[PDB]
Amino acid sequence: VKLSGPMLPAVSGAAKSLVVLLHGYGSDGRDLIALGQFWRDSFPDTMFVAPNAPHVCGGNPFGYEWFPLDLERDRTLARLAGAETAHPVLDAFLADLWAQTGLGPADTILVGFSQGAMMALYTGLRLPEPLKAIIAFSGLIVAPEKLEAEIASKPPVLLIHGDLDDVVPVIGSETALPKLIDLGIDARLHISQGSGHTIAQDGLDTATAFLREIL
Amino acid sequence: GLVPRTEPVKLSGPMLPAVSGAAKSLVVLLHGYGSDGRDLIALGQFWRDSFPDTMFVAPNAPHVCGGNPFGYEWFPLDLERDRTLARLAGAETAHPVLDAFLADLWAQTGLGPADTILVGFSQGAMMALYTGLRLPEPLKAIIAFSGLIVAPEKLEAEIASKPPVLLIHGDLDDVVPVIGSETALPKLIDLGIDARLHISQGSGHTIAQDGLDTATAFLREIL
């Protein structure tokens with residue numbers, strides 16, 4: 001199924017790079033394209049696109065989900081199952097975008113929040129040529145045991161997480177850091193002290209700085 | 001046409017300006033042991049027909065070649081002995097020289113690492129990999145003809161950027177045997193480089209027509 005969602009064309013009229021923003025459970029692309037609005041002033045040759053996830057969110061009918069979740073449970077198993085169902089849809093979206101813009105994985109940064117960060121890492125690391133970068137806010141690695149076997153490229157990864165997160169506990173990103181480093185990825189971690197399941201100002205600043213290094 | 005020209009060592013050698021008059025990219029060509037930039041700039045002349053917005057530069061290595069006083073060496077070799085030690089010390093001594101040359105070239109032309117492909121043959125290929133992968137901002141690409149990875153354990157700890165890499169090597173090479181690039185390929189992939197390998201069947205220590213065509217097609221992909 002084709003995804004769509006809001007997009008912001010490059011300020012300069014001809015994109016040379018692409019940032020794909022992936023929302024979290026119960027959110028939508030309109031929410032995430034605000035990050036794009038924030039950054040576009042700084043990165044005038046960059047196009048920003050924020051697809052809506054493929055299904056209506058079970059818990060919030062006004063938003064979307066990459067995959068379904070069960071409540072009052074540790075959500076480990078829902079993630080495992082769901083990341084593989086969502087993967088082909090996100091992968092095909094990326095192909096469609098590259099067809100429409102004449103760009104490719106090397107010109108592209110996948111940025112996600114929460115469930116979207118989980119997808120960014122799952123789909124991003126399976127692409128056969130490397131992205132420019134992955135930025136994962138408040139996620140984790142779904143099926144880390146499968147990753148050694150299935151990892152297809154090693155873009156640099158920035159993991160950003162609030163330490164008081166009681167939705168996706170910070171150990172998600174703290175365990176991910178050594179795992180990706182063990183796999184050959186240039187991974188970095190930034191912990192937003194005192195923040196929960198959100199993008200803190202300090203997290204956003206860290207990400208902007210990283211974007212400045214690579215764009 | 002043209003020519004640039006311990007202490008701040010400044011490298012000389014031929015340069016071809018971009019055919020179009022305004023360079024958008026830069027190919028640096030690194031010669032082998034006992035060769036010179038004049039030799040390698042001929043690859044530049046061939047490629048400038050296909051890449052009219054590319055400037056080509058072929059520096060002479062910093063030392064007279066111990067085995068051929070009419071050429072140059074990036075570092076000395078003792079040809080009668082196993083070359084492992086000489087390469088290890090030598091690449092480490094040559095690295096800062098090449099790194100400074102690149103810095104000086106970028107400052108002189110106003111192009112940078114992302115506009116630049118480092119291309120080497122033999123000892124120059126060894127240097128292209130050794131210096132190229134230690135640059136803090138990635139090159140557009142490295143092309144290594146008939147080289148290998150000097151100090152693969154050091155590279156693990158020191159790799160600083162991950163440009164795409166194309167290795168090209170002749171399978172009849174008895175000077176730098178083909179194993180050099182065959183073992184290189186998986187090491188580079190393990191480090192996270194998008195690396196490829198093309199073997200020129202039936203060719204020795206040279207650039208075969210098919211190696212040249214493979215390289216030209218790769219340049220067309222990324223330029």
# chains A, B, ... in the order shown; residues from 1 in each chain; ligands from 1

$ interface_residues --of "chain A" --to "chain B" --cutoff "9 Å" --atoms "only C-alpha atoms" --output "list in words"
residues 129, 130, 153, 154, 155, 183, 184, 185, 186, 213 and 214 of chain A

$ select_by_dssp --residues "stretch 71-134 of chain A" --states "alpha helix (DSSP H)" --output "ChimeraX atom specification"
/A:76-101,115-124

$ residues_around --residues "residue B:22" --least-positions-apart "3" --cutoff "10 Å" --atoms "only C-alpha atoms" --output "PyMOL selection string"
chain B and resi 17-19+25+52-55

$ residues_around --residues "residue B:102" --least-positions-apart "4" --cutoff "12 Å" --atoms "only C-alpha atoms" --output "ChimeraX atom specification"
/B:9-11,26-30,57-59,95-98,106-113,115-118,128,131-132,135,139

$ write_last_selection --atoms "C-alpha atoms" --output "mmCIF file, in the first residue's frame"
data_model
loop_
_atom_site.group_PDB
_atom_site.id
_atom_site.type_symbol
_atom_site.label_atom_id
_atom_site.label_comp_id
_atom_site.auth_asym_id
_atom_site.auth_seq_id
_atom_site.Cartn_x
_atom_site.Cartn_y
_atom_site.Cartn_z
ATOM 1 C CA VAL B 9 56.287 19.478 2.472
ATOM 2 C CA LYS B 10 54.482 20.867 -0.628
ATOM 3 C CA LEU B 11 53.827 18.387 -3.437
ATOM 4 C CA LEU B 26 38.241 16.828 -8.202
ATOM 5 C CA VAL B 27 40.045 13.586 -8.938
ATOM 6 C CA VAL B 28 43.408 13.137 -7.162
ATOM 7 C CA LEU B 29 45.567 10.453 -8.758
ATOM 8 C CA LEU B 30 48.282 8.712 -6.714
ATOM 9 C CA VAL B 57 45.653 16.419 -10.061
ATOM 10 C CA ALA B 58 48.546 13.868 -9.876
ATOM 11 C CA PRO B 59 51.121 14.758 -7.183
ATOM 12 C CA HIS B 95 49.991 9.659 5.810
ATOM 13 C CA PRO B 96 50.497 13.113 7.254
ATOM 14 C CA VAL B 97 52.179 14.268 4.087
ATOM 15 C CA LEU B 98 49.323 13.147 1.891
ATOM 16 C CA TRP B 106 41.157 21.959 -0.996
ATOM 17 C CA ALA B 107 42.222 25.427 0.306
ATOM 18 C CA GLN B 108 43.715 26.306 -3.068
ATOM 19 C CA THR B 109 40.749 25.216 -5.237
ATOM 20 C CA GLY B 110 37.804 25.846 -2.942
ATOM 21 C CA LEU B 111 36.628 22.263 -3.520
ATOM 22 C CA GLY B 112 36.420 19.884 -0.479
ATOM 23 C CA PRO B 113 36.375 16.193 0.457
ATOM 24 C CA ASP B 115 33.758 16.858 -4.114
ATOM 25 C CA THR B 116 36.833 14.644 -4.319
ATOM 26 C CA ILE B 117 37.636 11.108 -5.470
ATOM 27 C CA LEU B 118 40.979 9.707 -4.444
ATOM 28 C CA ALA B 128 44.485 6.170 -1.090
ATOM 29 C CA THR B 131 44.728 8.284 4.185
ATOM 30 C CA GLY B 132 41.273 8.326 2.574
ATOM 31 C CA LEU B 135 39.754 11.695 6.766
ATOM 32 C CA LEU B 139 35.368 11.696 0.210
#
